[PDB]
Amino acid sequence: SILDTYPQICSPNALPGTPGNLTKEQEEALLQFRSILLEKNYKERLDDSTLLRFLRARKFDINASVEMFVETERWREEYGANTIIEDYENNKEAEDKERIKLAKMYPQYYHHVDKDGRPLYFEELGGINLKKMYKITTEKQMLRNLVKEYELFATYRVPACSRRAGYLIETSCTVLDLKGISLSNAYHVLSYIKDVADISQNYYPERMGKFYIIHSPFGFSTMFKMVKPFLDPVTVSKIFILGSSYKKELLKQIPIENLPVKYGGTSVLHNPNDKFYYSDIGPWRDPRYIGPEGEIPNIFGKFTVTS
């Protein structure tokens, strides 16, 4: 299997409960957890990385972890997550056309990695015109896009970044740029944010590495109080709302050469005419780190910037 072509143990200096950094009791819980799922006849996604993510999300309470894993398998099957990349590929032409329309208005792109080797993810909400967005896309479509990325993240980005880091990478480093948004719109999209939180927390536990929110307007703390209610304790702890010193905070976690110039870094596209919202640069593009899983599909079609 592909799991054999990249590190399956995290850095020895990663958080507790991660692959290769278990206590005796955690190691035993894992074996018992996998034993129960095997007995229930599950076959897929029973690797240490996956199972430990569920165990951590439930504090190694085995039965509560089994319930969570069982529900996730059902959901993946009913929602179509198990074939989402395949389905996308079978209709690439059309999906890419739709994707390119929203790219400039709602930038979502990966750009290298943080200091621990985690994929560096950026999203800018400032140029979003809700009226125009509802006219060209739907919330369900965007949720689909989210689920597809979780799958792309696991099959392409993780193996590549892990081979480059020399150890298992299970999470990402996300930067949410809120410069230019209206709190008004923020409140208007609460239900969508709630849907994102539910998919993430229920079916993709422990995928959050670092989550920074920069350029948030005054009074964002108020609106965020509306969001915390449906976020789990661990999720909140991974979210950091930065102030005017955000650049110094980002530079502690991200190599300056990987950080875009406008965020305090020195990273520039090889062609200062390409747009960051059409880019997908990272280890998953380096032939030296791409394995039997093959290279990740190009989300922005012919426009996809791979440098």
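The first residue of the sequence shown is number 1, and the count goes up from there.
Higher mean Cα B-factor in the deposited model: 44-52 or 265-273?
That would be 265-273.
Determine, for stretches 147-155 and 185-193, which one has the higher mean CA B-factor as deposited.
Higher mean C-alpha B-factor: 185-193.
Quiz for you: based on the deposited Cα B-factor, which of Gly117, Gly80, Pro233, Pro205 is highest?
That would be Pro233, according to the entry.
If I read the C-alpha B-factors straight from the PDB entry, which of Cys161, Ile136, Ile84, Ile213 is highest?
So the option with the highest C-alpha B-factor is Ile136.
Which third, lowest, middle or highest, does the C-alpha temperature factor of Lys101 belong to within its own chain?
CA B-factor rank for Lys101: highest third.
Ranking every modelled residue in this chain by its Cα temperature factor as given in the entry, which third contains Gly166?
Ranked within chain, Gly166 CA B lands in the lowest tercile.
Sorting the chain's CA B-factors, does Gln201 end up in the lowest, middle or highest third?
For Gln201, whose C-alpha B-factor we compare with every modelled residue in the chain, the answer is the middle third.
Tell me, lowest, middle or highest third: where does the Cα B factor of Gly127 rank within its chain?
Middle third.
Ranking the modelled residues of this chain by C-alpha B-factor as given in the entry, is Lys179 in the lowest, middle or highest third?
As the PDB entry reports it, the C-alpha B-factor of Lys179 lands in the middle third of its chain.
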